[PDB]
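Below sits a lone chain in structure tokens, taken as the form deposited in one PDB entry.
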């Protein structure tokens, strides 16, 4: 009951695949094409928000993923609002899901039009970019019958309408967590669960949720925010280290290394889309910088303040991480 091992043995990415995940050569224009669709105000209930959702759904339906639009109405300080989570699953029958998540709504800012380029246009784009860039390998992985799949969740209504409170925020995530907790299931209904796993409902199928937010500014610092997922987090540290050793990271000068993923833990908690899951025992890795970028919730969280080299470096880490976890 001390030092419980991660339930899935984590096999290090082959040098071959590392070197391959780590050259985002000319991908580059493809990522930016994706991102431009998100660099618009995406306020809840707005037309542009509707359109971003349609772009997400279609991008993933086109890659033959199972896509569910989980729409519902909820009460806010601004009245009743329609919300719509997007849940995409590569192989719906697989018992276990590696879940990558972000929110696609943008903050309603008092002072003017807010783009939320790091929050979370970039993360949204990174999830679609991972799905597209790894499609070939994911489609092959899907037919192994090994009981693991990739699942992407684009939450709606993360942002508070007024002052952040338990009542005013995380509308999409609170809704989804409860729903999946109440929707009962078991191993016998599913494809190839791990041997002595305890599945009683849909939320138990989330093996780990990796939540991305506030990405795209220069030089983020990440820490392990949860002891529970330290074995998963350590894989990001190791991947980043291997990418630097292979000289595959974009840096301003030679003889520099990236050090985004600190090999320490931090004493800090961040009120976010992972919480209602945390209460239901879903292990969480929160990929969010500490401290937040300086542009956080300002009108300067915009396209021009994004840092291309950092974004391409993060993309390499994430592609390598998904490849290693799913053994692509």
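Positions refer to the first chain, counted from 1. By rigid core we mean the largest C-alpha set that fits within 1.5 Å across both forms.
The following text describes the form deposited in another entry, which does not appear among the structures shown.
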Quiz item: Of 281, 290, 263, 266, which one's CA moves 2 Å or more between this form and the one not shown, core aligned?
Solution: 266
Quiz item: Closer or farther apart in the other form, the C-alpha atoms of residue 293 and residue 268, for a change of 3 Å or more?
Solution: farther
Quiz item: How does the CA gap of residue 271 and residue 231 change in the other form versus this form, closer or farther, if it moves 3 angstroms or more?
Solution: closer
